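1. Quick one: experimental structure and sequence below.
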Amino acid sequence: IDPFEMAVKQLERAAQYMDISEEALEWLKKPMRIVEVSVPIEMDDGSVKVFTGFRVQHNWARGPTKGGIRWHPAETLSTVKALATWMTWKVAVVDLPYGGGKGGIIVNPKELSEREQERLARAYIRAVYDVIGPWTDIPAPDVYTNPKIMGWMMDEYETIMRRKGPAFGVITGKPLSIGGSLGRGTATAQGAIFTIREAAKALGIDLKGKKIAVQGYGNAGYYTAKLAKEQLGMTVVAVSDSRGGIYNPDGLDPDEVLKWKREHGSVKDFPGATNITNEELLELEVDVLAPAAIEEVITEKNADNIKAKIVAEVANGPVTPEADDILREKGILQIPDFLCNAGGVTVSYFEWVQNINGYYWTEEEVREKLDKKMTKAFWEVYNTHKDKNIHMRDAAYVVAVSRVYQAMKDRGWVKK
Ligand SMILES: NC(=O)c1ccc[n+]([C@@H]2O[C@H](COP(=O)([O-])OP(=O)(O)OC[C@H]3O[C@@H](n4cnc5c(N)ncnc54)[C@H](OP(=O)(O)O)[C@@H]3O)[C@@H](O)[C@H]2O)c1
């Protein structure tokens, strides 16, 4: 509807910058498989309640589809389809043998208990077994789905499969006790850190004691700031949550910021730092900028006032396309949000590899492998963005869609 057609429009805006076939563009627009299921559960009161579950596998030319599961009351098939179409290219940009998928249940998990959550997860797996699998479709954690739910669903899948294969590999984000992966907690942020270091290297600027402004202070934002300070030599000077923000040119301690927010519910009035708002945060003179909160933080109204040299879109959708154009014509190097947030997808791929191989990597090995994947993804995007003189998002889209086109042409799906 709205989101699916938005994804289709983004795909066409990418395709007009590359030599793709018309039949391939049409094939990419239509998701390969959509599964609607009536997921039944027995409520805690003894009644039976049926929810609507969606499993959309957008494409599997490059390999088994990889996609999250979302439990949000406002879910429609359009949102699932668009998101699946979108992490198709997420797994494409970072060179994974994956397709894109999305799972969803039209449900309000706020008033579902632990028993109800377990039953709903188990019943969703019972409904969507025939269309999933370790080599076919790998669900992953997403909004309102925590690794406890995935332990439950892996249990159900191994129960139904009778443990004939690598059950652990059917889904990702499982608890560390049963087929979990190290680096899953700090994954997206750490991959964003590798991309930030690579962008600084490409731009020609060194990160020793530079300035980074991080907007949004969820787990991802705190990890991004902490890892940037610890590794890159970043002197973070300002961080904001939804409620408010702080500024301190002397540098910040992300551990202290997290402690303050936990103690007081927000980062408001952190000691030693002036209280500022998010719009104050966006225009600050920093070297790196990283938005990690609600989508479309940067708008056309506040794009020409950005002074940061590098923008790392840690959060999804944070910059409007015309604001992206403004930042491009300002000499500001960006990082596409789906290219930036590819750390979680890369570590989920790593977890799947560990499950399939039966061998579990250390946090060290995971870190170096994520480093390699993230660096090659960013460098491919930047090199296409240099050769074709196109935007960051356009370059990443070109890389992803070119890979998917090559996968289909090799599979024979599209003869042209
Ligand atoms: N792109 C991908 O494919 C992919 C794959 C994996 C992960 N990811 C990313 O990584 C994140 C993984 O999700 P997450 O689980 O880490 O989100 P999270 O922020 O840890 O959410 C956990 C939720 O569980 C509840 N909770 C926490 N502790 C609890 C306790 N002791 N008892 C009861 N409830 C508790 C919390 O709400 P209450 O406290 O109110 O219950 C909270 O909302 C996602 O946000 C996603 O963006 C992405």
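-> The structure has been received and is ready for your questions. Numbering: from 1, shown residues only.
2. Can you get me a residue count around the nearest residue to residue 15 once chain neighbours are set aside?
-> Nearest non-adjacent residue to residue 15, counting by Cβ to Cβ, 6 or more residues apart in numbering: residue 25, 5.2 Å away. Bear in mind the C-beta positions are built from the backbone N, C-alpha and C, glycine included. Residues near residue 25, counting by other Cβ atoms under 10 Å, number 18.
3. Roughly how far does the most centrally placed residue in the chain sit from the ligand?
-> Per Cα atoms, centre = their mean, the C-alpha nearest to the average position across the chain is that of residue 341, at 4.4 Å. Per Cβ to the nearest ligand atom, to the nearest Å, residue 341 is found 7 Å from the ligand.
4. how about the nearest residue to that residue once chain neighbours are set aside, secondary structure?
-> By the measure of Cβ to Cβ, 6+ apart, the closest residue to residue 341 outside its immediate chain neighbours is residue 188, 5.1 Å from it. Following DSSP: H, G, I helix; E, B strand; the rest coil, residue 188 is assigned to helix.
5. Flag every residue of the protein that's near the ligand.
-> 68, 140, 141, 142, 146, 147, 173, 188, 219, 344, 345, 348 (Cβ under 6 Å from any ligand atom).
6. contacting residues for residue 277?
-> By Cβ atoms under 8 Å, 6 or more residues apart in numbering, the residues touching residue 277 are 240, 244, 245.
7. hmm, back to that, quick one: which of the residues of the chain next to the ligand sit in strands?
-> In strands, judged by DSSP state E, the following of the residues of the chain next to the ligand are found: 68, 140.
8. Check which residues of stretch 95-108 are buried.
-> 95, 96, 98, 99, 100, 101, 102, 103, 104, 105, 106, 107 (16 or more other Cβ atoms under 10 Å).
9. Need the distance between the two termini of that stretch.
-> 35 Å (Cα to Cα, to the nearest Å).
10. Please parse the chain into its domains.
-> For the chain, curated CATH domains gives the domain ranges 33-178, 179-415.
11. okay, how far is it across the longest one, tip to tip?
-> So that's domain 179-415. 40 Å.
12. Tell me the span between the first and last residue of stretch 283-298.
-> 10 Å.
13. returning to that earlier point: of the contacts of residue 277, closest to the ligand?
-> For those, the minimum distance to the ligand (Cβ to the nearest ligand atom) is 18.1 Å, reached by residue 240.
14. tell me the phi and psi of residue 373?
-> phi -60, psi -40 (degrees, to the nearest 10).
15. And for the residue lying closest to it once chain neighbours are set aside, the neighbour number?
-> Leaving aside its sequence neighbours, residue 373 sits nearest to residue 346 (Cβ to Cβ, 6+ apart; 4.9 Å). Other residues within reach of residue 346 by the criterion other Cβ under 10 Å amount to 28.
16. residues contacting residue 346?
-> Here residue 346 is in contact with 94, 96, 187, 191, 370, 373, 374 (criterion: Cβ under 8 Å, 6+ apart).
17. list the contacts for the closest residue in space to the first one that isn't next to it in sequence?
-> Counting by Cβ to Cβ, 6+ apart, residue 94 lies nearest to residue 377, which is 4.0 Å off, once chain neighbours are set aside. Shown in contact with residue 377 (Cβ under 8 Å, 6+ apart): 93, 94, 95, 195, 339, 342, 399.
18. Can you point out the helix or strand that includes residue 377?
-> helix 363-387 (DSSP states H and E).
19. list the buried ones in that helix?
-> Under 16+ other Cβ under 10 Å, the buried positions of helix 363-387 are 366-367, 369-371, 373-375, 377-378, 380-382, 384-385.
20. what's the answer for stretch 311-328, then?
-> 311-316, 318-320, 323-324, 326-328.
21. start to end distance for it?
-> 11 Å.
22. Which strand or helix spans residue 214?
-> strand 212-215.
23. Pull up the gap between the residue lying farthest from the centre of the chain and the ligand, please.
-> Most distant from the centre of the chain: residue 46, at 37.8 Å, with distances by Cα atoms, centre = their mean. Distance, residue 46 to the ligand, using Cβ to the nearest ligand atom: 24 Å.
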